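See below for final.txt, which holds compact mmCIF, C-alpha atoms and all ligand atoms.
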# COMPACT_ATOMS: atom_id res chain seq x y z
CA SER N 96 -2.18 19.93 -66.54
CA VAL N 97 -1.63 21.93 -63.36
CA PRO N 98 -4.20 23.25 -60.84
CA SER N 99 -4.30 27.01 -60.38
CA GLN N 100 -2.80 28.45 -57.19
CA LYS N 101 -4.06 32.02 -57.62
CA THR N 102 -5.52 33.48 -54.43
CA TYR N 103 -9.17 34.32 -55.05
CA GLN N 104 -11.48 35.51 -52.29
CA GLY N 105 -14.57 35.40 -54.52
CA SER N 106 -18.08 36.56 -53.71
CA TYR N 107 -17.98 35.24 -50.13
CA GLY N 108 -14.61 36.73 -49.11
CA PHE N 109 -13.02 33.31 -48.56
CA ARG N 110 -9.58 33.05 -46.96
CA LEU N 111 -7.62 30.84 -44.57
CA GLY N 112 -6.36 31.48 -41.07
CA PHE N 113 -3.80 29.79 -38.86
CA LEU N 114 -3.19 29.57 -35.13
CA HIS N 115 -0.14 31.14 -33.46
CA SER N 116 1.61 28.05 -32.12
CA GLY N 117 5.16 29.39 -31.69
CA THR N 118 8.45 27.67 -32.45
CA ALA N 119 9.32 25.70 -29.30
CA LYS N 120 11.12 22.40 -29.85
CA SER N 121 7.96 20.53 -28.80
CA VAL N 122 5.58 22.17 -31.29
CA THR N 123 3.93 19.73 -33.69
CA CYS N 124 2.42 22.21 -36.18
CA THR N 125 3.34 25.86 -36.70
CA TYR N 126 2.58 28.40 -39.42
CA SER N 127 4.94 31.10 -40.73
CA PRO N 128 3.13 34.16 -42.13
CA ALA N 129 6.41 35.57 -43.47
CA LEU N 130 6.97 32.40 -45.53
CA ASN N 131 3.28 31.50 -46.04
CA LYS N 132 4.42 28.06 -44.95
CA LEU N 133 3.06 25.44 -42.56
CA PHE N 134 5.59 23.21 -40.76
CA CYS N 135 4.23 20.02 -39.25
CA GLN N 136 5.15 16.59 -37.95
CA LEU N 137 4.10 13.40 -39.71
CA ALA N 138 0.42 12.50 -39.23
CA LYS N 139 -0.18 15.21 -36.60
CA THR N 140 -3.20 17.50 -36.44
CA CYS N 141 -2.93 20.64 -38.57
CA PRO N 142 -5.77 23.07 -37.75
CA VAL N 143 -6.69 25.30 -40.69
CA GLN N 144 -9.31 28.01 -40.21
CA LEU N 145 -11.78 28.98 -42.92
CA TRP N 146 -13.04 32.59 -42.89
CA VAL N 147 -15.75 34.25 -45.00
CA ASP N 148 -17.40 37.67 -45.14
CA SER N 149 -20.82 36.22 -46.01
CA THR N 150 -22.54 32.85 -45.75
CA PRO N 151 -22.11 30.54 -48.78
CA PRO N 152 -25.10 28.49 -50.02
CA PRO N 153 -26.07 25.06 -48.69
CA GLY N 154 -24.01 22.41 -50.45
CA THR N 155 -20.81 24.46 -50.67
CA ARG N 156 -17.71 22.31 -50.04
CA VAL N 157 -14.02 22.80 -49.19
CA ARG N 158 -11.37 20.77 -51.05
CA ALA N 159 -7.65 20.32 -50.30
CA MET N 160 -5.06 19.20 -52.85
CA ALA N 161 -1.25 19.14 -52.87
CA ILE N 162 0.98 20.10 -55.81
CA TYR N 163 4.73 20.38 -56.17
CA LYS N 164 5.87 23.98 -55.82
CA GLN N 165 8.71 23.84 -58.37
CA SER N 166 7.63 24.28 -61.99
CA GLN N 167 9.72 21.35 -63.23
CA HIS N 168 7.75 19.00 -60.93
CA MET N 169 4.31 20.59 -61.01
CA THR N 170 2.82 18.06 -63.45
CA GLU N 171 3.76 15.13 -61.17
CA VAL N 172 1.00 13.86 -58.88
CA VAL N 173 1.85 14.35 -55.19
CA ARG N 174 1.38 10.96 -53.52
CA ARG N 175 2.63 8.97 -50.57
CA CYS N 176 5.98 7.23 -50.97
CA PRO N 177 6.40 3.48 -51.65
CA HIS N 178 6.85 2.77 -47.94
CA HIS N 179 4.00 4.82 -46.50
CA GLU N 180 1.44 3.74 -49.10
CA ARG N 181 1.98 0.15 -47.83
CA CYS N 182 2.11 0.73 -44.07
CA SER N 183 -1.59 -0.09 -43.44
CA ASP N 184 -2.26 3.05 -41.39
CA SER N 185 -5.70 3.49 -42.96
CA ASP N 186 -8.45 5.30 -41.08
CA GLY N 187 -11.08 3.34 -43.02
CA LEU N 188 -11.83 6.21 -45.41
CA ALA N 189 -8.63 7.71 -46.86
CA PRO N 190 -7.02 5.64 -49.62
CA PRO N 191 -3.51 4.63 -48.52
CA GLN N 192 -1.94 6.58 -51.41
CA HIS N 193 -3.32 9.98 -50.35
CA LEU N 194 -0.94 12.45 -48.71
CA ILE N 195 -3.64 14.71 -47.20
CA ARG N 196 -6.31 13.37 -44.86
CA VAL N 197 -9.09 15.12 -42.97
CA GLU N 198 -9.26 14.05 -39.34
CA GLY N 199 -12.50 13.43 -37.47
CA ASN N 200 -15.05 14.08 -40.23
CA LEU N 201 -17.06 11.09 -41.42
CA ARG N 202 -18.37 13.15 -44.37
CA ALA N 203 -14.93 13.60 -45.91
CA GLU N 204 -14.71 12.29 -49.47
CA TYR N 205 -11.48 11.28 -51.19
CA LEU N 206 -11.16 11.79 -54.95
CA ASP N 207 -8.81 10.13 -57.41
CA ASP N 208 -9.39 12.34 -60.44
CA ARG N 209 -10.26 10.18 -63.44
CA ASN N 210 -8.42 12.50 -65.87
CA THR N 211 -5.52 14.08 -63.95
CA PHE N 212 -4.99 11.23 -61.42
CA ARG N 213 -4.51 13.84 -58.70
CA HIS N 214 -5.72 13.19 -55.16
CA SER N 215 -7.89 15.48 -53.10
CA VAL N 216 -10.07 15.41 -50.00
CA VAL N 217 -13.31 17.39 -49.81
CA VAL N 218 -15.72 18.10 -46.94
CA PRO N 219 -19.11 19.85 -46.73
CA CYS N 220 -19.01 23.37 -45.38
CA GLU N 221 -20.47 23.68 -41.90
CA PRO N 222 -21.10 27.03 -40.17
CA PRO N 223 -19.08 27.96 -37.08
CA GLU N 224 -20.19 26.56 -33.75
CA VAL N 225 -22.16 28.93 -31.54
CA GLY N 226 -19.71 31.43 -30.07
CA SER N 227 -17.12 31.02 -32.84
CA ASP N 228 -16.43 33.25 -35.84
CA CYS N 229 -14.75 30.71 -38.13
CA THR N 230 -14.74 27.00 -38.94
CA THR N 231 -11.66 24.80 -38.52
CA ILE N 232 -10.69 21.74 -40.56
CA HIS N 233 -8.10 19.36 -39.11
CA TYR N 234 -5.71 18.03 -41.77
CA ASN N 235 -3.01 15.37 -41.52
CA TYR N 236 -0.01 14.99 -43.83
CA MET N 237 0.93 11.34 -44.17
CA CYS N 238 4.53 11.43 -45.52
CA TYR N 239 7.64 13.45 -44.69
CA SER N 240 8.85 15.99 -47.22
CA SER N 241 12.06 13.92 -47.33
CA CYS N 242 10.43 10.54 -48.08
CA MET N 243 12.42 8.73 -50.76
CA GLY N 244 10.43 7.76 -53.83
CA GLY N 245 7.69 10.19 -52.77
CA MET N 246 8.11 13.92 -52.18
CA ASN N 247 11.88 13.28 -52.04
CA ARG N 248 12.74 16.68 -50.46
CA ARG N 249 10.68 18.62 -53.03
CA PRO N 250 8.53 21.41 -51.53
CA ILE N 251 4.76 21.21 -51.92
CA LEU N 252 1.85 23.62 -51.76
CA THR N 253 -1.59 22.85 -50.39
CA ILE N 254 -4.39 24.48 -52.39
CA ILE N 255 -7.69 24.96 -50.55
CA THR N 256 -10.70 25.65 -52.75
CA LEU N 257 -14.23 26.66 -51.85
CA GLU N 258 -16.54 24.99 -54.38
CA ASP N 259 -20.24 24.93 -55.20
CA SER N 260 -22.22 21.69 -55.27
CA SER N 261 -21.10 21.02 -58.88
CA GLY N 262 -17.43 21.59 -58.07
CA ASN N 263 -17.25 25.07 -59.61
CA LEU N 264 -14.73 27.47 -58.11
CA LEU N 265 -15.95 29.97 -55.50
CA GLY N 266 -12.69 30.83 -53.74
CA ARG N 267 -9.08 29.73 -53.45
CA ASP N 268 -6.16 30.08 -51.03
CA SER N 269 -2.90 28.20 -50.59
CA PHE N 270 0.18 27.67 -48.43
CA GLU N 271 3.49 25.85 -48.65
CA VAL N 272 3.97 22.79 -46.41
CA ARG N 273 7.05 21.12 -44.97
CA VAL N 274 6.45 17.84 -43.15
CA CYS N 275 9.44 17.33 -40.87
CA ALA N 276 10.60 16.00 -37.51
CA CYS N 277 11.20 19.42 -35.85
CA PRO N 278 8.81 22.05 -37.24
CA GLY N 279 9.70 24.70 -34.66
CA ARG N 280 13.41 24.54 -35.43
CA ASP N 281 12.84 24.44 -39.18
CA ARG N 282 10.49 27.44 -39.07
CA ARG N 283 13.08 29.39 -37.09
CA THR N 284 15.85 28.43 -39.51
CA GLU N 285 13.87 29.32 -42.63
CA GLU N 286 12.66 32.64 -41.18
CA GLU N 287 16.26 33.48 -40.28
CA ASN N 288 17.37 32.62 -43.83
CA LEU N 289 14.64 34.91 -45.18
CA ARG N 290 15.76 37.77 -42.93
CA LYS N 291 19.41 37.27 -43.93
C1 LIG N 301 -22.87 26.03 -46.29
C2 LIG N 301 -23.07 26.14 -44.79
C3 LIG N 301 -22.48 27.44 -44.24
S1 LIG N 301 -20.69 27.45 -44.52
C4 LIG N 301 -20.09 28.80 -43.53
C5 LIG N 301 -20.94 29.77 -42.96
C6 LIG N 301 -20.44 30.82 -42.16
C7 LIG N 301 -21.39 31.83 -41.57
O1 LIG N 301 -20.86 32.73 -40.85
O2 LIG N 301 -22.63 31.71 -41.85
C8 LIG N 301 -19.05 30.89 -41.94
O3 LIG N 301 -18.51 31.89 -41.18
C9 LIG N 301 -18.21 29.93 -42.52
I1 LIG N 301 -16.14 30.06 -42.13
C10 LIG N 301 -18.73 28.89 -43.30
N1 LIG N 301 -17.82 27.99 -43.88
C11 LIG N 301 -17.47 26.72 -43.49
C12 LIG N 301 -16.50 26.26 -44.36
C13 LIG N 301 -16.24 27.27 -45.30
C14 LIG N 301 -17.06 28.33 -44.99
ZN ZN N 302 6.55 8.48 -46.89

So, in terms of structure tokens, how does the structure I just supplied come out?
Ligand SMILES: CCCSc1cc(C(=O)O)c(O)c(I)c1-n1cccc1
Ligand SMILES: [Zn+2]
Amino acid sequence: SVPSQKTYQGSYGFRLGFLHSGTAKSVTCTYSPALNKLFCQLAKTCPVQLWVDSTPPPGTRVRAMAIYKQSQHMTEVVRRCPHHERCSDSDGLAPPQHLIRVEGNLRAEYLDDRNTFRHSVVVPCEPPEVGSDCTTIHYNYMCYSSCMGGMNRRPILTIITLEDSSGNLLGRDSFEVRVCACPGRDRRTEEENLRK
């Protein structure tokens, strides 16, 4: 099967937000609204904002999962490549096979789905800190888009779901991801291609 990617704000008005990091050669993570695409370096912090119109109940959680964007690959589980799954870069919580990690949250849970074999990482929802209007999760992507035997140059989407305590769907958003050495240059190139 294939997870849904349909945007769904739901009862709480759930949606993502991204910082405006620019496209300088030194940028490590940058988001293109025109492409709905995040460009990031390997294993670097990717801040993703969560926004709601109203407060969800205690026990609500936020899950992240990657799928291949192209239909002919969408049934294949997105996983780390044969090199990176063996490079012993564990943080003590993420299984070495998982592409997406959450940084700096000891309550993150990593799921290997018993039926679909897909990987995901889920955290409890926490309200914004005093003085802030949104909550930020820091993700890391642990393989390059180009990794042979893994993503192998195939584009991926990240699907972010807001879920109740049973795992039922409350909201959904998504974005394409390219993990690459020079995200600023690649964002500029792809935005230019889109304009042309
Ligand atoms: C379940 C505990 C509360 S979760 C929550 C509350 C508020 C709020 O304003 O009260 C908010 O703005 C956000 I963004 C979140 N939130 C955190 C992750 C996803 C949504
Ligand atoms: Zn890899």

Quiz prompt | Computed interatomic separation between CA of residue 151 (chain N) and CA of residue 214 (chain N) (Å) | solution =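 CA of residue 151 (chain N) sits 24.7 Å away from CA of residue 214 (chain N).
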
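Comparing the minimum interatomic distances between residue 240 (chain N) and each of N:271, N:259, N:186, N:221, counting only C-alpha atoms, we find that N:271 sits nearest.
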
Practice problem: Throw together the list of residues within 12 Å of ligand ZN 302 (chain N), counting all atoms listed in the file, and drop it here as a PyMOL selection string. | Solution: chain N and resi 137-138+173-182+184+191-195+236-248+274-275

Quiz item: Leaving out residue 171 (chain N) and any residue of its chain fewer than 2 positions from it, which residues lie within 10 Å of it when counting all atoms listed in the file, given as a ChimeraX atom specification?
Solution: /N:96-97,162-163,166-169,173-174,211-213

Could you list the protein, DNA and RNA residues that have any atom within 9 Å of ligand LIG 301 (chain N), counting all atoms listed in the file, and write them as a PDB file with C-alpha atoms, in the frame of the given file?
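Output contents, as saved in part08.pdb:
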ATOM      1  CA  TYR N 107     -17.980  35.240 -50.130  1.00  0.00           C
ATOM      2  CA  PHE N 109     -13.020  33.310 -48.560  1.00  0.00           C
ATOM      3  CA  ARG N 110      -9.580  33.050 -46.960  1.00  0.00           C
ATOM      4  CA  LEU N 111      -7.620  30.840 -44.570  1.00  0.00           C
ATOM      5  CA  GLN N 144      -9.310  28.010 -40.210  1.00  0.00           C
ATOM      6  CA  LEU N 145     -11.780  28.980 -42.920  1.00  0.00           C
ATOM      7  CA  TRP N 146     -13.040  32.590 -42.890  1.00  0.00           C
ATOM      8  CA  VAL N 147     -15.750  34.250 -45.000  1.00  0.00           C
ATOM      9  CA  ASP N 148     -17.400  37.670 -45.140  1.00  0.00           C
ATOM     10  CA  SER N 149     -20.820  36.220 -46.010  1.00  0.00           C
ATOM     11  CA  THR N 150     -22.540  32.850 -45.750  1.00  0.00           C
ATOM     12  CA  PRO N 151     -22.110  30.540 -48.780  1.00  0.00           C
ATOM     13  CA  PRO N 152     -25.100  28.490 -50.020  1.00  0.00           C
ATOM     14  CA  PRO N 153     -26.070  25.060 -48.690  1.00  0.00           C
ATOM     15  CA  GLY N 154     -24.010  22.410 -50.450  1.00  0.00           C
ATOM     16  CA  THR N 155     -20.810  24.460 -50.670  1.00  0.00           C
ATOM     17  CA  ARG N 156     -17.710  22.310 -50.040  1.00  0.00           C
ATOM     18  CA  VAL N 157     -14.020  22.800 -49.190  1.00  0.00           C
ATOM     19  CA  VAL N 218     -15.720  18.100 -46.940  1.00  0.00           C
ATOM     20  CA  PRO N 219     -19.110  19.850 -46.730  1.00  0.00           C
ATOM     21  CA  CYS N 220     -19.010  23.370 -45.380  1.00  0.00           C
ATOM     22  CA  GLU N 221     -20.470  23.680 -41.900  1.00  0.00           C
ATOM     23  CA  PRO N 222     -21.100  27.030 -40.170  1.00  0.00           C
ATOM     24  CA  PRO N 223     -19.080  27.960 -37.080  1.00  0.00           C
ATOM     25  CA  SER N 227     -17.120  31.020 -32.840  1.00  0.00           C
ATOM     26  CA  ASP N 228     -16.430  33.250 -35.840  1.00  0.00           C
ATOM     27  CA  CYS N 229     -14.750  30.710 -38.130  1.00  0.00           C
ATOM     28  CA  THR N 230     -14.740  27.000 -38.940  1.00  0.00           C
ATOM     29  CA  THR N 231     -11.660  24.800 -38.520  1.00  0.00           C
ATOM     30  CA  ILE N 232     -10.690  21.740 -40.560  1.00  0.00           C
ATOM     31  CA  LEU N 257     -14.230  26.660 -51.850  1.00  0.00           C
TER      32      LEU N 257
END
